[PDB]
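Novice: here we go, the starting part of the complex in its complex frame:
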Amino acid sequence: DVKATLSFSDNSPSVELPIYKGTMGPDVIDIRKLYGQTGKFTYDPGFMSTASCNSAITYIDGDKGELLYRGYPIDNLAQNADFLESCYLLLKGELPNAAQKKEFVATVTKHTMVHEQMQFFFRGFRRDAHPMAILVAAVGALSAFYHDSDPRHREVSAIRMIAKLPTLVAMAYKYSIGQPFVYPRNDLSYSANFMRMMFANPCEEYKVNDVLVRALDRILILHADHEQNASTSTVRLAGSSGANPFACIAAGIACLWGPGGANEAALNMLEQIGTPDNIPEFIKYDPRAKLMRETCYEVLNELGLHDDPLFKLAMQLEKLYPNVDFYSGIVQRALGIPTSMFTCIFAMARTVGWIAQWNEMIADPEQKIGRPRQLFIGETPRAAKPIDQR
Amino acid sequence: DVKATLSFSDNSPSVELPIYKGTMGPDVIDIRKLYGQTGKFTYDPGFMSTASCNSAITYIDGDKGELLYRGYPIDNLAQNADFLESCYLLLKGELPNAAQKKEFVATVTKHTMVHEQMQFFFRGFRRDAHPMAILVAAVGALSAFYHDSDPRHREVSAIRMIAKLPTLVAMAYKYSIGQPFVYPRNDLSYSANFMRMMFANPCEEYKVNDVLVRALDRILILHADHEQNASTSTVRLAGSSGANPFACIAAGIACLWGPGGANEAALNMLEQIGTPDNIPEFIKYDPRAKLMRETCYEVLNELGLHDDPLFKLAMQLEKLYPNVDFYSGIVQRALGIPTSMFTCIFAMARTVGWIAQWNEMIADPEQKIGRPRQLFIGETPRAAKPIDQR
């Protein structure tokens, strides 16, 4: 790649550092041979100025308001594809045709069921345990229940995680409220099946609402991947050591757990407010925002929640633009999803991204185990005393 | 800190980068304001030239053969302290006196037991499941069974993990071989208690061998921490997002899992060989090596294994110096520890290091969520087609 840079010092000799250009975004400065020429490291807490890798999965530009999966703008993609199409895209690099989608959906459908032993495994959890705690433990236990899976095995594990994640998420919810597990349906779509596994009770037939299904499906698309981040880099970092894909994704969701989330934080704000707002206002571009706004509109109108306390959110909408997290929190609450499940939904959507990032890291010819450095500011060499002298 | 550096280019303007010196080791070059001045990132796959943080826990210099916990050389420390003293050191920053150790050991002892519900939880696992898979899932399930735990809570979680890790490890072993769990003993030391929970059968009283106990205890000390690495940085990375300590350690052990380990690789080599060696030789500094050599000597002599097939290892010792991984694999095999448990033992020792690294990351005033960058080499912006057109 073109151009080069020079790193000069006061007394120490200088060094020449190669510069690589990408298809999109900032140029990168190669420092792979920095320490082996200067005897010095770079200092970058959080790696916010350090490119960990080269990727082809997702490009993001906050200033230009750009978010693209494999070259497709997020809003344009969502208007021409559902979630499983977006999964196929992130994994394969291209959007699927009619035949390719049919085969892919069929493969996912055939692996949605969770082994009965792993269902029994859930009964070991405390009944007062939080769903997210259950989910993290469940995903981290996938290796113990599915150890039969070389490039084909990486495909099997990928399909198994994508297919079983909604089932595991719904199982965590059902267990936390003391309701029996609901088995998936082959004739239902991805998001429709999840909605049923979540809310179908054995007392009545579950009526699938397409407006709610499309709403959930769009939320999943818009959170499928977010290039390099805390959880994604954790997946890549753990994978660089040669850990199995199940464990790496488990490491990712553990990181995604955090303290609540962005969706919950916005929703908790609205729940602390009535219709006024008047005293609260006195106390006081996103490509996905437009689509989620339309989604939030359709859901509230479909459910006839135009007269409910959620009107305060629609009023604050008109009266610092409302982000995707604002609408998502409203929609999920409208779908009957508890705030305790919000992070679970997040992990469910981000899982395909993690797998794609993991696959790319593995396939990378420069795949070496991650070994970050440090600046030692601790004790100088000292001598240990026999404990009776301390 | 003293000195500064200049980053020059061909056409683009130059930038001044501050340089910080540590108490030991290489200087670091501050690039926290690089992207906000040049519009460029650094390229460093594996972060092998990037200091992720400043630390006071462990310093390592391979060329000078240096490995120090809080300023104490690893060999000098091990000759004047046991494992729990080394744990106290890594966590508190100082070696404990008689009174401080007594209180610390008592605290660990009181938390060694695993809740019966979590014992029942193990019964959900398949009987053909590998111990490591069970352990990773178990550690990842700690949040679901211990959710009652601000600076005191971080101490409770630290003690709970250190105390219960040997119990969980031994439970995984016992479950994999179909033997009942063995409860800890308050009158036994850390390593003695682990050896008993591992090998005590309900058919006879377990005789504790001090030679074997000291051997295991030294192995734990020498693997307590290894500054920044794949698993440790994973713990720090996941922790930067605000994930609970249980989850971060679970994320760490998931990374430590890998493909087997170094100890197993060396042992598998010896098992493929007889006393000659003669045909194998024809086919063909570490501060910890000296201590482990003495340890390996004492163990083999104590167990009278001087005439066994392990003599091939002692013969290869005399006939590229034998590292710590060489002796450790021999000792653990002599202790009756299966190769399937080797990584479990590794995680058991490294856990205290992970906690120390996590504590330091949390206490750090520069604690921000990790956000590594990337070099995008993917698709340029394109337009999605309706699926019937694809």
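Specialist: Looks like it arrived, so ask away. Numbering: from 1, shown residues only, chains lettered A, B, ... in the order given.
Novice: alpha carbons only for contacts and neighbour counts from here, please
Specialist: Will do.
Novice: ok, the nearest residue to residue A:61 once chain neighbours are set aside to residue A:74 distance?
Specialist: Counting by C-alpha to C-alpha, 6 or more residues apart in numbering or on different chains, residue A:61 lies nearest to residue A:67, which is 6.6 Å off, once chain neighbours are set aside. Taking C-alpha to C-alpha, to the nearest Å as the measure, residue A:67 falls 6 Å from residue A:74.
Novice: looking at the two, which is more packed in?
Specialist: residue A:67 (24 against 21; other C-alpha atoms under 10 Å in any protein chain shown).
Novice: tell me the helix or strand right after the host helix or strand of the more buried one.
Specialist: Following DSSP states H and E, one finds residue A:67 within strand A:66-69. Next in sequence after strand A:66-69, counting helices and strands by DSSP H and E, comes strand A:72-73.
Novice: paired strands for that following strand, with orientation please.
Specialist: Looking at strand A:72-73 with DSSP bridges, its partner strands are strand A:66-69 (antiparallel).
Novice: restricting to C-alpha, output the partner strand in CSV.
Specialist: Below are the C-alpha coordinates for strand A:66-69, written out as CSV (Å, rounded to 0.1, in the frame of the first residue of the first chain):
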residue,chain,number,x,y,z
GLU,A,66,-22.8,5.8,7.8
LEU,A,67,-23.5,2.2,8.9
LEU,A,68,-23.1,-0.6,6.3
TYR,A,69,-23.2,-4.4,6.4
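Novice: how about the residue nearest to residue A:61, what does it touch?
Specialist: A:58-61, A:73-74, A:287 (C-alpha atoms under 8 Å, 6 or more residues apart in numbering or on different chains).
Novice: among those residues, which one sits closest to residue B:211?
Specialist: residue A:58 (56.0 Å; C-alpha to C-alpha).
Novice: let's verify residue A:113: helix, strand, or coil?
Specialist: coil (DSSP: H, G, I helix; E, B strand; the rest coil).
Novice: what's the distance between the closest residue to it other than its chain neighbours and chain B?
Specialist: In space, and not counting its chain neighbours, residue A:113 is closest to residue A:164: 6.4 Å by C-alpha to C-alpha, 6+ apart. Distance, residue A:164 to chain B, using C-alpha to the nearest C-alpha, to the nearest Å: 17 Å.
Novice: and for residue A:114?
Specialist: 14 Å.
Novice: that residue: how many residues sit nearby?
Specialist: The number of residues packed near residue A:114 is 19, by other C-alpha under 10 Å.
Novice: report the contact partners of it.
Specialist: Shown in contact with residue A:114 (C-alpha under 8 Å, 6+ apart): A:164, A:167-168.
Novice: got the domain ranges for chain A?
Specialist: A:1-50, A:51-260+A:339-376, A:261-338 (curated CATH domains).
Novice: the stretch 251-390 of chain A: helices as residue ranges?
Specialist: Here the stretch 251-390 of chain A has its helices, by DSSP state H, counting those that start in this stretch, at A:262-271, A:278-283, A:287-302, A:311-318, A:324-334, A:342-363.
Novice: next up, chain C:
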Amino acid sequence: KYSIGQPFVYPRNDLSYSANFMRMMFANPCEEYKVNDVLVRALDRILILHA
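Specialist: That brings us to chain C, laid onto the chains above:
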């Protein structure tokens, strides 16, 4: 069902002997089980010939 990790399937009073067995064997909780009479008669004959 136990060997493949699928839940047990309860019998049906309106189904014949061999039809009921085929369902208890292959009916999954993800879709309604379609009973094929050709397959049922086939299984039923096998049972007769090995009674």
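Novice: now that chain C has been added, could you go back to the neighbour count of residue A:114?
Specialist: When counting by other C-alpha under 10 Å, one arrives at 21 neighbours for residue A:114.
Novice: would you pull up how far stretch A:129-143 lies from the middle of the chain?
Specialist: 16 Å (C-alpha atoms, centre = their mean, to the nearest Å).
Novice: list the contacts of stretch A:318-337.
Specialist: A:212, A:215-216, A:219, A:262-264, A:266-267, A:286, A:288-289, A:292-293, A:295-296, A:299-300, A:303, A:310, A:338-339, A:342.
Novice: start to end distance for stretch A:120-137?
Specialist: Stretch A:120-137 end-to-end distance (C-alpha to C-alpha) = 14 Å.
Novice: does it come close to chain B?
Specialist: Yes. Using C-alpha under 8 Å from any C-alpha of the partner chain, stretch A:120-137 reaches chain B at A:120-126, A:129-130, A:133-134, A:136-137.
Novice: find the nearest non-adjacent residue to whichever residue of the stretch 251-390 of chain A sits closest to chain C, please.
Specialist: Relative to chain C, the nearest point of the stretch 251-390 of chain A is residue A:348 (20.8 Å; C-alpha to the nearest C-alpha). With sequence-adjacent residues excluded and distances taken as C-alpha to C-alpha, 6+ apart, residue A:348 is closest to residue A:165, at 6.0 Å.
Novice: can you give the distance of whatever helix or strand the one you found lives in from its chain's centre?
Specialist: In this assignment (DSSP H and E), residue A:165 forms part of helix A:151-177. Relative to the chain's own centre, helix A:151-177 is displaced by 14 Å; criterion: C-alpha atoms, centre = their mean.
Novice: and the angle from it to helix A:342-363?
Specialist: 170 degrees (axes from the mean of the first three to the mean of the last three C-alpha atoms, to 10 degrees).
Novice: could you give me the buried positions within helix A:151-177?
Specialist: For helix A:151-177, burial by neighbour count (16 or more other C-alpha atoms under 10 Å in any protein chain shown) applies to A:154, A:156-176.
Novice: do stretch A:126-137 as well
Specialist: By 16+ other C-alpha under 10 Å, the buried positions in stretch A:126-137 come out as A:126, A:129-137.
Novice: contacts for it, please.
Specialist: For stretch A:126-137, the surrounding residues in contact (C-alpha under 8 Å, 6+ apart) are A:122, A:125, A:168-169, A:172-173, A:175-176, A:178, A:250, A:253-254, A:257, A:340-341, A:343-344, B:117, B:137-138, B:140-141, B:143-145.
Novice: which bits of the stretch 151-300 of chain A sit near chain B?
Specialist: So far as C-alpha under 8 Å from any C-alpha goes, the stretch 151-300 of chain A lies against chain B at A:227-231, A:233-234, A:237-244, A:247-248, A:250-252, A:254-259.
Novice: buried ones among these?
Specialist: Buried members of these, counted by 16+ other C-alpha under 10 Å: A:227-231, A:233-234, A:237-244, A:247-248, A:250-252, A:254-258.
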